[PDB]
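Structure 1 and structure 2 below are two forms of the same protein chain, each written out on its own as structure tokens.
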Structure 1
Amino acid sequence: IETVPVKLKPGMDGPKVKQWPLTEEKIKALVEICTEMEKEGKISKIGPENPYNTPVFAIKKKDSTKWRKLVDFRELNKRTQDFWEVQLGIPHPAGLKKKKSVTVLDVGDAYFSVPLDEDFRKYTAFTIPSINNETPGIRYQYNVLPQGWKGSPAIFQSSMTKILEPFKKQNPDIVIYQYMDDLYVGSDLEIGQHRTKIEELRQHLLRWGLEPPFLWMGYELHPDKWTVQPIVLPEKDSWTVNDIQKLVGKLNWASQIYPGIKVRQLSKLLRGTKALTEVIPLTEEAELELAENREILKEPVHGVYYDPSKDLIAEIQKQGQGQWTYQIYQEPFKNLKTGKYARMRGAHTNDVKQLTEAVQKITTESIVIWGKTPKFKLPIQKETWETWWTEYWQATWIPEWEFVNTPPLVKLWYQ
């Protein structure tokens, strides 16, 4: 009810980010949403003395027909002061990734109940463009904590902890973790029980609220089943020259991750200049080397540790037939997590939809495990990604990304 003072970082001006082109249907949806938000006092029209801007668009959350305004506050979030005044931080709960069921709630509508510092509001400015720029873009700023801004969970955090106290005291084994506009709620209960507790939780916020348009939804995750991708070598009775070449290449690559990998005795099998399809019998020495390599590869990688002061990096490879592999790391060759997807939903003829869904699933895993989003290295041309990703986006946050333009040789080894 009273505003928390908020500043940008020293020597740092507000965002001035161009609005990208919006479709007719997203413009109409935003006009309708913003007319209502303005009537409810959440946003107000601004004049030309405000030169700041952040892009806006609109999405449909997973499994619903109603539009959700999404403001891309990535630049504002970079430029906003860090929030360590009351707490140095919310030490990320390491138990969340061990629960059998984790449900994700959109609680962002709660933020609209807290006014935003009068002197900071100018920096939340956004524009609803018009088709063909035929009428001036509609200019607004926020009067209340916005969805998507990193300050909102921080400023609302004292109110959230109070709202949730009776639920936590009654359910002490439940892990509740807040990331931006999401609440993550993990339990080890039978899913029918689980769903009921989640509905219990919603009521605490409905009760306090007295409506949230997307609070009723539930994205269910089962992180205890999440799968990883160790390095595995083929088991064959007949090895061709080509097979052994590919094995030596994969082992050479692995030797940068794992020290004691040896290829000497496997190379020796190719002595001469042989046809690629010719079958080569493994000698005993080569078989032993190969078994010793198999054994090395069953052990964890040495010296792998998470540092919360460093970015997480996520790399993705397209493997074909709807399959995608990925790795998350901070230092080269020190993977914190690897994985593979194939269940790309409703995208069997659309690579770019499949990649957008992969980015979202990886980001979710990163939030659950470390409590922040990775920086993505995406195998796509920038112009293709930028034209299409917002058509498939269903999350209320947005990570950072860069583009890979040269084909990585390592795609072969994650196959």
Structure 2
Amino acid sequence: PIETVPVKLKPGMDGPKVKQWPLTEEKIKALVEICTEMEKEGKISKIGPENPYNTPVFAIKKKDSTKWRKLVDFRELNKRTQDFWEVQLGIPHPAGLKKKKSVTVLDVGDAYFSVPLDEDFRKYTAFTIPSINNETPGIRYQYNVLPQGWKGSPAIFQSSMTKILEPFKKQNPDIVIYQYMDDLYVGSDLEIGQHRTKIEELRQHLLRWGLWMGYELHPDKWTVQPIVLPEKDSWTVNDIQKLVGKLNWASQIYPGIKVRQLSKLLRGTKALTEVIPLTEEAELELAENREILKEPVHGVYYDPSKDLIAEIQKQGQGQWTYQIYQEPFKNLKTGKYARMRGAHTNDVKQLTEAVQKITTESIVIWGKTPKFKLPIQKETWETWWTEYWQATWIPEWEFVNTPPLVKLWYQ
């Protein structure tokens, strides 16, 4: 007995047409049980080949979670409805969420199943469930309610969500609540004890309206990775050549970097292992260049109209660095991850972990997901990444092949 909000694609764009990739047995079994149960609850219904649209589907398990979770790769459908969840019914991003001491994530995707979907738009939510060894043809479905992982779902549910959070935001006006996709970010400066207590109050406050886990964050402890020069007392020809090359690359970001007095120490055709004393004019150029790296880059700020971009570099020994930017060399944030799950044994698991951590930070700081430049071969990533995904959203990515220049972001 609920009225449906009419939704349309962006003008001049058809629906998504993406093939379903192979799934493992444990994933296919977990999807047949969930879809049959969701079909019994009227959430989805079977369809036929007259629907030319299709979106890939697979299953995940969140961190320390036994229960499987259905996940649809609506990235193509979200690109073709971008004018809806921005111009019409967007969500404001609180600039204070990134400043809180503790921020918790709540999977509230189950609440979207209460609102019906516009009848004309259900044709685009179509997805196919594959079978092992192609025993049976594709078992296709379409969504009758608000689908999880669709950017239009939190937009339509926003009005209903504000009225549920109103009794809680009144009693707690100092707590920041942000909604992104199937997730609800709740941040507070309270002590770690009473913070989790207020979370349980919000959990029971959501259970009485029809809605169970928790992932804790600490944005006040988020650190950045600056560019650092080595503190060597005896410099060789090879060290000075590596230092000049790094300062030459860094000069694209800090225009005040000079390498004139240091390059003068590399005049003769000397052996790389030969020790070179630093002149008086070179020692000052090195100390001054160390101070410019302490200064912030001039004219860097977040532009809400531009897209975020993330680059990741594999530094070995379980070390991974990253930079987020909108315009090249105008990095909004840098950092380095170390000792993640799969360190010293699995690179793909570490890369998957890094992307999820970075995307999480991009949601807390700017409320956007970046487009990643992944240091991996496409076929290597497209084979293993679903085995390690533990998030309800999926960022966009491309694949780069950049051999190491002068190790700019890690000593």
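For numbering, take structure 1's sequence and count from 1. Whichever C-alpha set is largest while still superposing within 1.5 Å between the two forms counts as the rigid core.
- When the two forms are superposed on their rigid core between the two structures, the C-alpha shift of 2 Å or more among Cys34, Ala347, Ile369, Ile59 belongs solely to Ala347.
- Relative to the superposed core, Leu288 shifts its CA atom by less than 2 Å between the two structures.
- The Cα shift for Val228 between the two structures, taken after rigid core superposition, is smaller than 2 angstroms.
- Once you line up the core between the two structures, the Cα of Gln87 ends up 2 Å or more from where it was.
- Once the rigid core is matched between the two structures, the CA atom of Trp397 is found 0.4 Å away.
- When the core is overlaid, the C-alpha of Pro408 ends up 4.4 Å from its other position between the two structures.
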